[PDB]
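Asker: My questions all concern the structure below.
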Amino acid sequence: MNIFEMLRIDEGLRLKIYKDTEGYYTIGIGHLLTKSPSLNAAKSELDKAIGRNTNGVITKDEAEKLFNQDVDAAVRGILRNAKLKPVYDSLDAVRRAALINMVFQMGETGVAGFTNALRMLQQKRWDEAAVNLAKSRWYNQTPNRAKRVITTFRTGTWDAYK
Ligand SMILES: [Cl-]
Ligand SMILES: [Cl-]
């Protein structure tokens, strides 16, 4: 198992503009297009991201190309964030995947805000951080996905995904 596969399981793949769990226009593998309520706006962003007139539909390769940029971007965001970097550096390969997943989903700012759990992750207090991670909107809105990530942090294995 690896980061790409993990995230592909969590976000799925759609070749046509869709709405996310929050009602936002998305496409491909969890690629947020816009938070605007307008499909046109979504469409224009899409065209701009792909570089062609797409009319709301992309190919598999295109979805994969956006996905590679997005994963790369998330990793770099972690590496550049003063609060995230230390955390990522202190972790094993599997747990690094767990933090990258959260960043892909909720952004750097989002994750950076889990102050306490972050500190707990740094101290390698697995059980405690996991409990803290569950007291959040994130866990309450996407409980199945949050459980998977949270188990990954607790255990350090890919079991929740196997
Ligand atoms: Cl983009
Ligand atoms: Cl879920």
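Residue numbers start at 1 in each chain; chains themselves are named A, B, ... in the order of the structure tokens; ligands are numbered from 1 in the order shown.
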Which residues of chain A come within 10 Å of ligand 1, and what is each one's closest atom pair and distance in Å (one decimal), counting only C-alpha atoms and all ligand atoms, sorted by chain and residue number, as JSON lines?

Answerer:
```
{"residue": "A:31", "atom": "CA", "partner": "ligand 1", "partner_atom_place_in_ligand_line": "1 (Cl)", "distance": 8.4}
{"residue": "A:32", "atom": "CA", "partner": "ligand 1", "partner_atom_place_in_ligand_line": "1 (Cl)", "distance": 9.0}
{"residue": "A:33", "atom": "CA", "partner": "ligand 1", "partner_atom_place_in_ligand_line": "1 (Cl)", "distance": 8.2}
{"residue": "A:45", "atom": "CA", "partner": "ligand 1", "partner_atom_place_in_ligand_line": "1 (Cl)", "distance": 8.4}
{"residue": "A:46", "atom": "CA", "partner": "ligand 1", "partner_atom_place_in_ligand_line": "1 (Cl)", "distance": 8.3}
{"residue": "A:47", "atom": "CA", "partner": "ligand 1", "partner_atom_place_in_ligand_line": "1 (Cl)", "distance": 9.9}
{"residue": "A:48", "atom": "CA", "partner": "ligand 1", "partner_atom_place_in_ligand_line": "1 (Cl)", "distance": 7.8}
{"residue": "A:49", "atom": "CA", "partner": "ligand 1", "partner_atom_place_in_ligand_line": "1 (Cl)", "distance": 4.6}
{"residue": "A:50", "atom": "CA", "partner": "ligand 1", "partner_atom_place_in_ligand_line": "1 (Cl)", "distance": 7.7}
{"residue": "A:51", "atom": "CA", "partner": "ligand 1", "partner_atom_place_in_ligand_line": "1 (Cl)", "distance": 9.9}
{"residue": "A:65", "atom": "CA", "partner": "ligand 1", "partner_atom_place_in_ligand_line": "1 (Cl)", "distance": 9.9}
{"residue": "A:66", "atom": "CA", "partner": "ligand 1", "partner_atom_place_in_ligand_line": "1 (Cl)", "distance": 6.8}
{"residue": "A:67", "atom": "CA", "partner": "ligand 1", "partner_atom_place_in_ligand_line": "1 (Cl)", "distance": 9.6}
{"residue": "A:69", "atom": "CA", "partner": "ligand 1", "partner_atom_place_in_ligand_line": "1 (Cl)", "distance": 7.6}
{"residue": "A:70", "atom": "CA", "partner": "ligand 1", "partner_atom_place_in_ligand_line": "1 (Cl)", "distance": 7.8}
{"residue": "A:73", "atom": "CA", "partner": "ligand 1", "partner_atom_place_in_ligand_line": "1 (Cl)", "distance": 9.9}
```

Asker: At a cut-off of 10 Å, can you tabulate as a Markdown table every residue of chain A near ligand 2 together with its closest atom pair and the distance in Å to one decimal, using only C-alpha atoms and all ligand atoms and ordering rows by chain then number?

Answerer:
```
| residue | atom | partner | partner_atom_place_in_ligand_line | distance |
| --- | --- | --- | --- | --- |
| A:10 | CA | ligand 2 | 1 (Cl) | 8.3 |
| A:11 | CA | ligand 2 | 1 (Cl) | 9.6 |
| A:21 | CA | ligand 2 | 1 (Cl) | 8.9 |
| A:138 | CA | ligand 2 | 1 (Cl) | 9.3 |
| A:139 | CA | ligand 2 | 1 (Cl) | 8.2 |
| A:140 | CA | ligand 2 | 1 (Cl) | 8.8 |
| A:141 | CA | ligand 2 | 1 (Cl) | 7.1 |
| A:142 | CA | ligand 2 | 1 (Cl) | 3.5 |
| A:143 | CA | ligand 2 | 1 (Cl) | 4.6 |
| A:144 | CA | ligand 2 | 1 (Cl) | 3.7 |
| A:145 | CA | ligand 2 | 1 (Cl) | 4.1 |
| A:146 | CA | ligand 2 | 1 (Cl) | 6.5 |
| A:147 | CA | ligand 2 | 1 (Cl) | 8.1 |
| A:148 | CA | ligand 2 | 1 (Cl) | 8.9 |
```

Asker: Fewer than 6 positions away in the same chain doesn't count, so skip those; otherwise give me all residues within 10 Å of stretch 79-94 of chain A, counting only C-alpha atoms, as a PyMOL selection string.

Answerer: chain A and resi 1-3+73+100+103+108-109+111-113+115+118-124+152-153+155-158

Asker: Find the residues near residue A:24: any atom within 6 Å, counting only C-alpha atoms, skip ones fewer than 4 places away on the same chain, and give them as a ChimeraX atom specification.

Answerer: /A:19-20,35

Asker: So how many Å separate atom CA of residue A:44 and atom CA of residue A:105, to one decimal?

Answerer: 22.1 Å

Asker: Do you know which residues are at most 10 Å from residue A:9 counting only C-alpha atoms, after dropping those on the same chain fewer than 3 positions away, and could you put them as a ChimeraX atom specification?

Answerer: /A:3-6,12-13,29,145,161

Asker: Show me, as a PyMOL selection string, the residues that have an atom within 8 Å of stretch 149-151 of chain A when counting only C-alpha atoms, minus same-chain residues fewer than 4 positions from it.

Answerer: chain A and resi 98+101-102+130+133-134+145+155-156+160

Asker: Can you list every residue in chain A that DSSP puts in alpha helix (DSSP H), as a compact mmCIF listing (two decimals) with N, CA and C atoms, in the first residue's frame?

Answerer:
```txt
# COMPACT_ATOMS: atom_id res chain seq x y z
N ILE A 3 0.73 5.99 -0.50
CA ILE A 3 -0.08 7.21 -0.52
C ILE A 3 -1.07 7.34 -1.71
N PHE A 4 -0.62 7.06 -2.91
CA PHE A 4 -1.52 7.17 -4.03
C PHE A 4 -2.67 6.24 -3.93
N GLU A 5 -2.36 5.00 -3.60
CA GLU A 5 -3.41 4.00 -3.45
C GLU A 5 -4.32 4.32 -2.28
N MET A 6 -3.75 4.78 -1.21
CA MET A 6 -4.58 5.08 -0.06
C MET A 6 -5.62 6.15 -0.40
N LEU A 7 -5.13 7.22 -0.98
CA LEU A 7 -6.00 8.33 -1.33
C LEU A 7 -7.01 7.95 -2.42
N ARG A 8 -6.60 7.10 -3.37
CA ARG A 8 -7.51 6.67 -4.43
C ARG A 8 -8.67 5.92 -3.81
N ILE A 9 -8.40 5.21 -2.73
CA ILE A 9 -9.46 4.50 -2.04
C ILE A 9 -10.35 5.48 -1.32
N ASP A 10 -9.76 6.46 -0.69
CA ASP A 10 -10.57 7.42 0.03
C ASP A 10 -11.40 8.43 -0.82
N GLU A 11 -10.93 8.86 -1.96
CA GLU A 11 -11.66 9.89 -2.70
C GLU A 11 -12.44 9.38 -3.87
N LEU A 39 -21.67 26.30 -11.41
CA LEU A 39 -21.16 25.30 -12.28
C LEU A 39 -20.32 25.89 -13.40
N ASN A 40 -20.64 27.12 -13.69
CA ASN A 40 -19.89 27.75 -14.73
C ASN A 40 -18.52 28.06 -14.22
N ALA A 41 -18.53 28.61 -13.05
CA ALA A 41 -17.29 28.91 -12.43
C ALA A 41 -16.50 27.61 -12.36
N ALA A 42 -17.13 26.52 -11.95
CA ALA A 42 -16.46 25.21 -11.86
C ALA A 42 -15.87 24.81 -13.18
N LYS A 43 -16.66 25.02 -14.21
CA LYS A 43 -16.25 24.66 -15.58
C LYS A 43 -15.05 25.46 -16.06
N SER A 44 -15.08 26.72 -15.78
CA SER A 44 -13.99 27.54 -16.18
C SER A 44 -12.73 27.14 -15.41
N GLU A 45 -12.86 26.89 -14.13
CA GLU A 45 -11.66 26.47 -13.41
C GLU A 45 -11.15 25.20 -13.99
N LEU A 46 -12.04 24.26 -14.27
CA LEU A 46 -11.58 22.99 -14.82
C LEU A 46 -10.71 23.18 -16.07
N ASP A 47 -11.23 24.02 -17.01
CA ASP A 47 -10.58 24.26 -18.30
C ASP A 47 -9.17 24.80 -18.13
N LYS A 48 -9.10 25.70 -17.19
CA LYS A 48 -7.86 26.32 -16.79
C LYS A 48 -6.90 25.28 -16.18
N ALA A 49 -7.42 24.39 -15.31
CA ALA A 49 -6.53 23.39 -14.71
C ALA A 49 -5.99 22.40 -15.76
N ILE A 50 -6.80 22.03 -16.74
CA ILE A 50 -6.42 21.01 -17.71
C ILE A 50 -5.76 21.56 -18.94
N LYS A 60 -9.11 9.67 -18.00
CA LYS A 60 -8.45 9.06 -16.87
C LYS A 60 -7.06 9.62 -16.64
N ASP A 61 -6.30 9.75 -17.71
CA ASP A 61 -4.97 10.28 -17.61
C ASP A 61 -4.96 11.68 -17.02
N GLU A 62 -5.96 12.48 -17.42
CA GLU A 62 -6.07 13.85 -16.96
C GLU A 62 -6.34 13.88 -15.45
N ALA A 63 -7.18 12.94 -15.00
CA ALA A 63 -7.50 12.84 -13.61
C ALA A 63 -6.25 12.48 -12.82
N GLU A 64 -5.44 11.62 -13.45
CA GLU A 64 -4.19 11.16 -12.83
C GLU A 64 -3.15 12.22 -12.79
N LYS A 65 -3.14 13.05 -13.81
CA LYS A 65 -2.20 14.12 -13.83
C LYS A 65 -2.53 15.14 -12.74
N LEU A 66 -3.81 15.53 -12.59
CA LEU A 66 -4.17 16.42 -11.47
C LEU A 66 -3.84 15.81 -10.12
N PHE A 67 -4.05 14.47 -9.98
CA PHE A 67 -3.79 13.77 -8.74
C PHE A 67 -2.29 13.83 -8.38
N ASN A 68 -1.43 13.56 -9.34
CA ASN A 68 0.03 13.66 -9.05
C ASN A 68 0.45 15.07 -8.55
N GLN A 69 -0.08 16.12 -9.22
CA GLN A 69 0.24 17.49 -8.76
C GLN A 69 -0.24 17.74 -7.34
N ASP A 70 -1.45 17.26 -7.06
CA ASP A 70 -2.06 17.50 -5.79
C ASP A 70 -1.31 16.83 -4.62
N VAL A 71 -0.84 15.58 -4.87
CA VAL A 71 -0.09 14.83 -3.85
C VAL A 71 1.25 15.56 -3.65
N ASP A 72 1.89 15.88 -4.77
CA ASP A 72 3.16 16.61 -4.67
C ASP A 72 2.99 17.90 -3.86
N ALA A 73 1.93 18.63 -4.15
CA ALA A 73 1.65 19.89 -3.49
C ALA A 73 1.41 19.73 -2.01
N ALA A 74 0.69 18.69 -1.66
CA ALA A 74 0.40 18.45 -0.25
C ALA A 74 1.73 18.17 0.52
N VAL A 75 2.57 17.27 -0.01
CA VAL A 75 3.86 16.95 0.61
C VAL A 75 4.70 18.24 0.82
N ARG A 76 4.78 19.03 -0.22
CA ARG A 76 5.53 20.26 -0.14
C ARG A 76 4.91 21.24 0.84
N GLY A 77 3.62 21.28 0.90
CA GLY A 77 3.01 22.15 1.87
C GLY A 77 3.42 21.75 3.28
N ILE A 78 3.40 20.45 3.55
CA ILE A 78 3.83 19.95 4.86
C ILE A 78 5.27 20.37 5.08
N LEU A 79 6.09 20.15 4.07
CA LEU A 79 7.49 20.43 4.29
C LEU A 79 7.79 21.86 4.50
N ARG A 80 6.94 22.72 4.00
CA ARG A 80 7.15 24.14 4.17
C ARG A 80 6.46 24.69 5.41
N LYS A 85 6.02 20.37 9.49
CA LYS A 85 7.31 19.79 9.20
C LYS A 85 7.91 18.94 10.34
N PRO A 86 7.89 19.45 11.54
CA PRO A 86 8.50 18.73 12.63
C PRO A 86 7.80 17.45 12.89
N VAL A 87 6.50 17.53 12.71
CA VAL A 87 5.68 16.36 12.94
C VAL A 87 5.99 15.25 11.92
N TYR A 88 5.89 15.59 10.65
CA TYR A 88 6.19 14.69 9.56
C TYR A 88 7.58 14.07 9.73
N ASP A 89 8.56 14.90 10.09
CA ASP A 89 9.92 14.39 10.27
C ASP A 89 10.02 13.42 11.38
N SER A 90 9.26 13.60 12.46
CA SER A 90 9.33 12.63 13.56
C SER A 90 8.65 11.31 13.25
N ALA A 93 7.21 5.77 7.98
CA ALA A 93 6.63 5.91 6.65
C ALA A 93 5.10 5.81 6.55
N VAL A 94 4.49 4.87 7.30
CA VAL A 94 3.07 4.67 7.27
C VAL A 94 2.33 5.86 7.83
N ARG A 95 2.68 6.27 9.03
CA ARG A 95 2.03 7.44 9.61
C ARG A 95 2.21 8.70 8.78
N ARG A 96 3.36 8.85 8.10
CA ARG A 96 3.60 10.02 7.19
C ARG A 96 2.50 10.06 6.13
N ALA A 97 2.12 8.84 5.66
CA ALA A 97 1.03 8.72 4.67
C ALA A 97 -0.28 9.29 5.27
N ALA A 98 -0.57 8.96 6.59
CA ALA A 98 -1.78 9.43 7.32
C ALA A 98 -1.86 10.97 7.38
N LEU A 99 -0.75 11.60 7.70
CA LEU A 99 -0.73 13.06 7.76
C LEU A 99 -0.84 13.61 6.33
N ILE A 100 -0.21 12.99 5.36
CA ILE A 100 -0.38 13.55 4.03
C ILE A 100 -1.87 13.45 3.57
N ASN A 101 -2.52 12.40 3.93
CA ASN A 101 -3.91 12.23 3.57
C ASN A 101 -4.76 13.37 4.11
N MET A 102 -4.60 13.67 5.41
CA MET A 102 -5.37 14.73 6.03
C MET A 102 -5.12 16.06 5.33
N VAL A 103 -3.87 16.31 4.94
CA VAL A 103 -3.55 17.60 4.29
C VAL A 103 -4.18 17.75 2.90
N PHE A 104 -4.26 16.63 2.19
CA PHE A 104 -4.84 16.60 0.88
C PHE A 104 -6.30 16.98 0.96
N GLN A 105 -6.94 16.47 2.00
CA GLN A 105 -8.38 16.63 2.26
C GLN A 105 -8.80 17.97 2.82
N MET A 106 -8.07 18.44 3.83
CA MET A 106 -8.44 19.64 4.57
C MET A 106 -7.49 20.81 4.51
N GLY A 107 -6.43 20.68 3.73
CA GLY A 107 -5.49 21.74 3.63
C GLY A 107 -4.60 21.85 4.88
N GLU A 108 -3.49 22.49 4.62
CA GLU A 108 -2.44 22.69 5.58
C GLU A 108 -2.84 23.46 6.80
N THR A 109 -3.59 24.52 6.53
CA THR A 109 -4.14 25.34 7.55
C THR A 109 -5.06 24.51 8.37
N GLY A 110 -5.93 23.74 7.71
CA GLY A 110 -6.80 22.91 8.47
C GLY A 110 -6.05 22.04 9.48
N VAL A 111 -5.11 21.21 8.98
CA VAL A 111 -4.33 20.31 9.80
C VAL A 111 -3.47 20.99 10.85
N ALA A 112 -2.82 22.09 10.44
CA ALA A 112 -1.98 22.82 11.37
C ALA A 112 -2.74 23.18 12.63
N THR A 115 -3.59 21.42 16.96
CA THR A 115 -2.44 21.59 17.79
C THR A 115 -2.09 20.49 18.70
N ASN A 116 -3.07 20.17 19.51
CA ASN A 116 -2.85 19.12 20.53
C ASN A 116 -2.54 17.74 20.01
N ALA A 117 -3.31 17.29 19.01
CA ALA A 117 -3.08 15.98 18.50
C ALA A 117 -1.70 15.91 17.84
N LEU A 118 -1.31 17.05 17.23
CA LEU A 118 -0.02 17.14 16.55
C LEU A 118 1.08 16.92 17.57
N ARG A 119 0.94 17.52 18.70
CA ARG A 119 1.96 17.39 19.71
C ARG A 119 1.98 15.99 20.23
N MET A 120 0.78 15.43 20.30
CA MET A 120 0.69 14.05 20.74
C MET A 120 1.30 13.12 19.71
N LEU A 121 1.11 13.42 18.45
CA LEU A 121 1.71 12.55 17.48
C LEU A 121 3.25 12.65 17.64
N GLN A 122 3.72 13.83 17.91
CA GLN A 122 5.14 13.97 18.01
C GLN A 122 5.74 13.19 19.15
N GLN A 123 5.01 13.10 20.24
CA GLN A 123 5.48 12.35 21.37
C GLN A 123 5.25 10.90 21.25
N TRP A 126 0.19 7.41 20.64
CA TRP A 126 -0.78 6.93 19.64
C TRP A 126 -2.25 6.92 20.04
N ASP A 127 -2.55 6.22 21.12
CA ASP A 127 -3.87 6.12 21.67
C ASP A 127 -4.40 7.51 21.99
N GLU A 128 -3.61 8.35 22.68
CA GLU A 128 -4.13 9.66 22.98
C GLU A 128 -4.43 10.55 21.80
N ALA A 129 -3.56 10.57 20.83
CA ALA A 129 -3.82 11.44 19.70
C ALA A 129 -5.06 10.99 18.95
N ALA A 130 -5.23 9.71 18.88
CA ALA A 130 -6.34 9.23 18.10
C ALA A 130 -7.65 9.64 18.71
N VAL A 131 -7.65 9.62 20.02
CA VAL A 131 -8.86 10.01 20.69
C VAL A 131 -9.12 11.48 20.45
N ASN A 132 -8.07 12.27 20.51
CA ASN A 132 -8.23 13.68 20.29
C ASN A 132 -8.62 13.92 18.84
N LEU A 133 -8.07 13.17 17.95
CA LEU A 133 -8.43 13.46 16.56
C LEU A 133 -9.91 13.25 16.29
N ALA A 134 -10.52 12.37 17.08
CA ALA A 134 -11.95 12.04 16.85
C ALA A 134 -12.91 13.13 17.28
N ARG A 137 -14.92 18.19 13.84
CA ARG A 137 -15.96 18.23 12.82
C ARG A 137 -15.67 17.20 11.76
N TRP A 138 -14.35 17.11 11.46
CA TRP A 138 -13.85 16.20 10.45
C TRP A 138 -14.32 14.78 10.67
N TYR A 139 -14.13 14.31 11.87
CA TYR A 139 -14.56 12.98 12.20
C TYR A 139 -16.07 12.89 12.14
N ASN A 140 -16.74 13.90 12.64
CA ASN A 140 -18.23 13.87 12.60
C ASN A 140 -18.81 13.96 11.18
N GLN A 141 -18.21 14.70 10.27
CA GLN A 141 -18.77 14.75 8.93
C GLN A 141 -18.41 13.58 8.03
N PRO A 143 -16.98 10.27 9.00
CA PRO A 143 -16.57 9.28 10.01
C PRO A 143 -15.84 8.00 9.50
N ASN A 144 -16.24 7.47 8.34
CA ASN A 144 -15.61 6.27 7.81
C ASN A 144 -14.17 6.56 7.31
N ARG A 145 -14.02 7.68 6.65
CA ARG A 145 -12.76 8.04 6.18
C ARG A 145 -11.86 8.44 7.35
N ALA A 146 -12.35 9.28 8.25
CA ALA A 146 -11.63 9.68 9.44
C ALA A 146 -11.20 8.45 10.29
N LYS A 147 -12.05 7.42 10.42
CA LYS A 147 -11.69 6.21 11.17
C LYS A 147 -10.50 5.48 10.59
N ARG A 148 -10.49 5.41 9.27
CA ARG A 148 -9.41 4.77 8.52
C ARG A 148 -8.06 5.47 8.79
N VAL A 149 -8.06 6.82 8.67
CA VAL A 149 -6.85 7.64 8.89
C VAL A 149 -6.41 7.56 10.33
N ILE A 150 -7.39 7.65 11.20
CA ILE A 150 -7.11 7.57 12.60
C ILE A 150 -6.53 6.23 13.00
N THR A 151 -6.99 5.11 12.39
CA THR A 151 -6.44 3.78 12.74
C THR A 151 -5.03 3.65 12.28
N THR A 152 -4.79 4.31 11.16
CA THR A 152 -3.47 4.29 10.55
C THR A 152 -2.50 5.00 11.52
N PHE A 153 -2.98 6.07 12.19
CA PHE A 153 -2.12 6.76 13.10
C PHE A 153 -1.89 5.92 14.35
N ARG A 154 -2.94 5.26 14.79
CA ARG A 154 -2.84 4.48 16.00
C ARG A 154 -1.88 3.32 15.89
N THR A 155 -2.08 2.56 14.81
CA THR A 155 -1.38 1.32 14.56
C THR A 155 -0.08 1.35 13.83
```

Asker: Do you have the atom CA of residue A:26-atom CA of residue A:162 distance handy?

Answerer: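 Taking atom CA of residue A:26 and atom CA of residue A:162, their separation equals 26.4 Å.
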
Asker: Give the strand (DSSP E) residues of stretch 29-158 of chain A, as DSSP finds them on the backbone, and put them as a PyMOL selection string.

Answerer: chain A and resi 31-34

Asker: Record the distance separating atom CA of residue A:15 and atom CA of residue A:56, expressed in Å with one decimal.

Answerer: 8.2 Å
